[PDB]
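Whatever order the structure lists ligands and atoms in, that order sets their numbers, starting from 1. Hydrogens, waters and symmetry mates are skipped; everything else that's a heavy atom, side chains included, is used. Residues: numbered from 1 along the sequence shown.
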Amino acid sequence: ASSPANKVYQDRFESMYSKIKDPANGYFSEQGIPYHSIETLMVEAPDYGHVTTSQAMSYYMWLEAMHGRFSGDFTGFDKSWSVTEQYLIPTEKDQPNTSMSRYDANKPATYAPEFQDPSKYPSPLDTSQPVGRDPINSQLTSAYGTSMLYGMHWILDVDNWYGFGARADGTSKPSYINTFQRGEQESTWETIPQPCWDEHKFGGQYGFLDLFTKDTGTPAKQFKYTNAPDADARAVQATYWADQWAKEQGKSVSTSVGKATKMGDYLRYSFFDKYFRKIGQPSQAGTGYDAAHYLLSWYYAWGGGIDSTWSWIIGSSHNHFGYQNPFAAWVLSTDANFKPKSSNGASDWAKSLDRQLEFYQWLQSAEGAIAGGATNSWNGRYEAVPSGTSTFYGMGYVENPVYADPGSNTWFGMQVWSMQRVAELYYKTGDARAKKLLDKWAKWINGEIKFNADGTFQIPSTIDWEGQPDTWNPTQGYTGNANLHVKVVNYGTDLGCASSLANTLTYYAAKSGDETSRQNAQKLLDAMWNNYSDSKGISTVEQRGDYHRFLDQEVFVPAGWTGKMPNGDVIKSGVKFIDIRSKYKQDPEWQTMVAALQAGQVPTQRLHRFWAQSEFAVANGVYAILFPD
Ligand SMILES: OC[C@H]1O[C@@H](O[C@H]2[C@H](O)[C@@H](O)[C@H](O[C@H]3[C@H](O)[C@@H](O)[C@H](O[C@H]4[C@H](O)[C@@H](O)[C@H](O[C@H]5[C@H](O)[C@@H](O)[C@H](O)O[C@@H]5CO)O[C@@H]4CO)O[C@@H]3CO)O[C@@H]2CO)[C@H](O)[C@@H](O)[C@@H]1O
Ligand SMILES: OC[C@H]1O[C@@H](O[C@H]2[C@H](O)[C@@H](O)[C@H](O[C@H]3[C@H](O)[C@@H](O)[C@H](O[C@H]4[C@H](O)[C@@H](O)[C@H](O)O[C@@H]4CO)O[C@@H]3CO)O[C@@H]2CO)[C@H](O)[C@@H](O)[C@@H]1O
Ligand SMILES: [Ca+2]
C-alpha cells in the first residue's frame, strides 16, 4: 500500500486533474491528443496553439501517473503511452524500414554547415567533409529487429490546421510537420512550416526541401523527423514513478515500462556529435564512442527517401543544461526493470549520469544559477574555438546554446525544469554531487521569490549573464566560478515556472530538511491556488511583447523561389509571418490582438498552456506525498 498523503493538496491535484480532463474545457483534441494550449492564437516555441509537442505528451504521462497514484487506476497512464506511440512516434508507414534498413553506420549523414543568419540558407551539402562512425546502430537493430527509430518527433499539427495532411494527402489528421531549419537567428517567427513527409506536393517545385538544403542534383522525395531529447527523458522519468506507484498498490504498467525503456535506448543518439566528430577534436571523424559527449543534446534527427532507398541519422553538437536529466540516466542505468535491451544501453547511461552532473557543476555561477552549455561545433561549422574561451572536455562554453532570438538561456524556466530532475535524484539517492548543486542553487532562488501583501507573487522571468565558467578540470572540480554571474533582468508570475519551482523546492526540502525551501514551496502552491484559479485550471494576464512580429516580421525566402502553402498562401521574398498563415485572421482573438497593436499597446492574453496546468497539478501531488502531515 502507498503511504498516506496530505489530504488538502491531494484534493487540489484531483481538482486540477478534473479540470484538465474535462471535455468542456478543451485541452484535448477529439483523438485524445493534448494541445499546447487551449487558446489558438499562440506563438512562442510552437507557432499555433493547437499543435501538440512531445513536451506536452511527456507532461500528459506525468499527470496520469500521479492520478494513478491517488486513484489506483492506471489505465489513463497506459492510454497516454498508447496515444504517444500511435501519433508521435513515426510508424512503419512514416519511416519505411525499406529506406531505414539502407542506413550506413560508417557514413551516417552528409555534412552541411550551419549559418548565423537565415538568409544564408539553403546550406550546401559537402560530401568531402569528414563524418564519423555510428557505434550504436548495430546494437539497436540487433536488439529490436528493425532499422526504424523509436523516439518522439517533437511537433504535430493535431487538427491539420496547416493542411499538409498525412503523408501528403492534405486531408488526414494529425499531420507531422516541422518548423525550425535555419540556425540560431531563426526565431519561431522566422520559419516556414513544412511537412515531415515531403512528396513535393506542397510548397515549391521540390516541396520545401531546397529552402533549407542544397545538393548537387534534384531533391528527392523524402521524410525526416526531429527528436526533442528532454521530452523523451521526461517520459522515462514519468514512467519510473508510475511503475513505483503502481507496485505499491499491487498494480502493473509493465507494457508502458517496456516502451519507456526502448525509448531510452534510442535516446542515446543525442549523446553524439551531429556528424560524429571526435569530442574535443572537431576536425577529426570519430571512430565510434570518441564522438559521444554523453549529454542530452538539443536533438537527434533522421530521415530517408520516399521513392528511393537511403537514410541518415544525426546527433547534435550543441548542449544546453536545461535539457539534462540525471534522474532518467539513474533509472536507465541502475533499475533492473528499466534496463535497455541493447548491449551497451545501461552502461552508456551510467556514463551519461556522471558526465551530466559534471556539466551542471561546471556551469554553476558564482551566485548559484546554472549557465548555458557547450558545443563541439563552434559556429556550427567546427570552427576553431576562440582563444580564452572556457571548455568542458574540449567543448567551448556558449552562453546561449543553439538559439539567439531570444537567447535560449535568458528564460528562467530552464533553471527549474532542469534542477527539478536533480532534486528527484538527490531525494532518491542522497547523491553528494546533487546535494552540492542544490544547496547553492536553492539558496540563490529562495532569495529571489517575492510575496506581495495581496497574495500575489513574483519570481525571476528574464535573466542575463556575464563572464564564463573556469575551464573544467575533472580532478580539480568546482572552482566556484567567481567570474561567472547571473543577473535577474525582470520578474513575473509565470505559473508554469512557479509550479516547477515549487516541485524542485519540495523534493529538496523533503531530503535536506531545509525549512525555508519547504515553506516557500507551500506558499507558492497556496498563492497560485487561492489567487489564480479559474474554471479551467489556473491563469493570469500576461503581456505578449513579441506579438508585433505577427505583422512586421519579414520571413526570408531565397531569390527566385516561389511556392504555395496548402491553403494557397503564396511563399516568396517579402512575405511577413501572417502572410503564409492567413488562416490566423479567422481566429477569435485576432481582431482583439490587432486592435491593441494599432493603438500602440502591448497585447495581453490569459493562457492555459497544457504543460503549465499539468506542472501545477503534479506539484500539488508531489507536496501531498512528501509532506503528508
Ligand atoms: O536529402 C538529401 C540528403 O540529405 C542529407 O541529410 C541532411 C538533410 O537533408 C537535412 O534536412 C538535415 O538538416 C537538419 C539540420 O542539419 C539541423 O540543423 C536541423 O535541426 C533543427 C531541427 O530540424 C528542428 O526540428 C529542431 O527543432 C527543435 C526546436 O529548436 C526546439 O525549440 C524544440 O524544443 O525541439 C525541436 C526539436 O528538437 O531544431 C533544430 C535546430 O535548429 O534539422 C535538419 C533536419 O530537420 O541534415 C541532414 C544531414 O546534413 C543526407 O545526409 C544525404 O545522404 C541525402 O542525400
Ligand atoms: O514546445 C516544444 C518545446 O518547448 C520548449 O519549451 C517552451 C514551452 O513550450 C513554451 O511554453 C515556453 O514559452 C514561454 C516563453 O519562452 C517565455 O518567453 C514566456 O515568458 C514571457 C511572458 O510571456 C511575458 O509576459 C513576459 O513579459 O516576458 C516573459 C519572458 O520573455 O513564457 C512562456 C510560457 O512559459 O517556452 C519554452 C522554452 O522554449 C522546450 O524547451 C523544448 O524541449 C520543447 O521541445
Ligand atoms: Ca532572427
Side-chain angles (χ1 to χ4, degrees), residues 36-37 42-46 51-56 58 104 107-114 117-118 122-123 125-127 131 152-155 178-191 194 196 198 209 212-217 219-222 224-231 234 270 274-275 297-305 308 310-314 316 318 320 322-323 380 402-406 408 410-414 417 461-463 489-497 500 540-546 549 553 556 602 604-605 607 609-612 615:
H36 173 75
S37 62
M42 155 67 68
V43 180
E44 55 190 28
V51 296
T52 186
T53 57
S54 51
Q55 169 187 78
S58 68
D104 176 7
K107 230 293 179 180
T110 296
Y111 173 85
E114 290 180 4
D117 193 82
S123 172
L125 291 173
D126 184 358
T127 55
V131 173
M152 287 186 279
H153 171 63
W154 87 285
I155 189 161
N178 204 346
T179 54
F180 300 106
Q181 291 287 296
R182 309 177 284 181
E184 74 175 42
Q185 258 299 327
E186 183 188 51
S187 72
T188 179
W189 304 92
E190 303 163 81
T191 64
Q194 84 270 173
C196 290
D198 202 328
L209 301 164
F212 316 119
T213 274
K214 180 161 58 177
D215 203 346
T216 306
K221 289 177 179 176
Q222 50 190 278
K224 60 184 71 168
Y225 302 102
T226 310
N227 182 269
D230 68 319
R234 183 178 298 104
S270 72
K274 188 174 188 182
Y275 292 112
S297 66
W298 203 259
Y299 63 82
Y300 75 81
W302 74 101
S308 58
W310 49 274
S311 60
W312 53 271
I313 297 175
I314 57 170
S316 175
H318 313 310
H320 194 307
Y323 272 37
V402 199
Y403 287 98
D405 186 5
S408 65
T410 58
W411 177 56
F412 174 72
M414 291 298 197
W417 274 350
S461 182
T462 293
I463 60 179
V489 182
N490 53 53
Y491 302 73
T493 314
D494 188 307
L495 303 171
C497 296
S500 173
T540 187
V541 175
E542 78 181 75
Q543 287 193 153
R544 313 299 280 148
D546 290 319
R549 304 180 75 166
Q553 179 67 68
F556 181 77
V602 176
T604 58
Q605 280 190 293
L607 301 162
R609 300 176 174 88
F610 187 77
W611 75 261
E615 192 84 73

Relative to the heavy atoms of [X], which atoms of ligand 2 are at a distance of less than 4.0 Å?
X: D494; result: 32 (O), 34 (C), 35 (O)
X: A228; result: 45 (O)
X: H36; result: 9 (O), 11 (O)
X: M414; result: 41 (O)
X: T462; result: 30 (C)
X: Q543; result: 23 (O), 24 (C), 25 (O)
X: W154; result: 2 (C), 45 (O)
X: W611; result: 8 (C), 9 (O), 10 (C), 11 (O), 35 (O)

Problem set entry | For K274, the ligand 1 atoms whose distance to one of its heavy atoms is below 4.0 Å |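 Heavy-atom distances to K274 below 4.0 Å select 15 (C), 16 (O), 17 (C), 18 (O).
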[atom]: the protein heavy-atom neighbour that sits closest, reported with distance to 0.1 Å:
atom: atom 53 (C) of ligand 1; value: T110 OG1, 3.8 Å
atom: atom 23 (O) of ligand 1; value: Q181 NE2, 2.8 Å
atom: atom 8 (C) of ligand 1; value: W312 CZ2, 3.9 Å
atom: atom 39 (O) of ligand 2; value: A45 CB, 4.3 Å
atom: atom 39 (O) of ligand 1; value: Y403 OH, 3.4 Å
atom: atom 1 (O) of ligand 1; value: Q222 OE1, 2.7 Å

Has the side chain of [X] got a donor or acceptor atom that lies under 3.5 Å from a matching backbone atom of [Y]?
X: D198; Y: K221; value: no
X: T188; Y: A45; value: yes
X: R182; Y: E114; value: no

Problem set entry | Option whose closest heavy atom lies nearest to atom 22 (C) of ligand 1, chosen from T226, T216, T188 | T226
Exercise. Among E44, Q55, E542, which residue places a heavy atom closest to atom 7 (C) of ligand 2?
Worked result: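 It is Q55 that holds the nearest heavy atom.
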Does [atom] have a protein heavy-atom neighbour under 4.0 Å away?
atom: atom 15 (C) of ligand 2; value: no
atom: atom 21 (C) of ligand 2; value: no
atom: atom 18 (O) of ligand 2; value: no

For a distance under 3.0 Å, tell me if [X] has an N/O/S atom near the Ca ion (ligand 3).
X: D405; answer: yes
X: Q185; answer: yes
X: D117; answer: no

[X] and ligand 1 - part of the residue with a heavy-atom distance under 4.0 Å:
X: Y323; value: side chain
X: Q55; value: neither
X: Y299; value: side chain
X: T53; value: neither
X: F212; value: neither

Please say whether [X] places an N or O atom under 3.5 Å from an N or O atom belonging to ligand 1.
X: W310; result: no
X: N227; result: yes
X: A301; result: no

Just say parallel, tilted or perpendicular for the rings of [X] and [Y], cut-offs at 30° and 60°.
X: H320; Y: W298; answer: tilted
X: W411; Y: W417; answer: perpendicular
X: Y403; Y: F180; answer: tilted

Problem set entry | Heavy atom of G496, distance to ligand 2 below 4.0 Å |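 Distance cut 4.0 Å: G496 fails for ligand 2.
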Exercise. Taking everything shown except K214 itself, do over 12 heavy atoms lie less than 6.0 Å from its NZ?
Worked result: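 Counting neighbours around NZ of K214, 12 or fewer heavy atoms of other residues, nucleotides or ligands fall under 6.0 Å, so no.
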Exercise. Tell me, which N, O or S atom in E190 is closest to the Ca ion (ligand 3)?
Worked result: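 The closest N, O or S atom of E190 to the Ca ion (ligand 3) is OE2.
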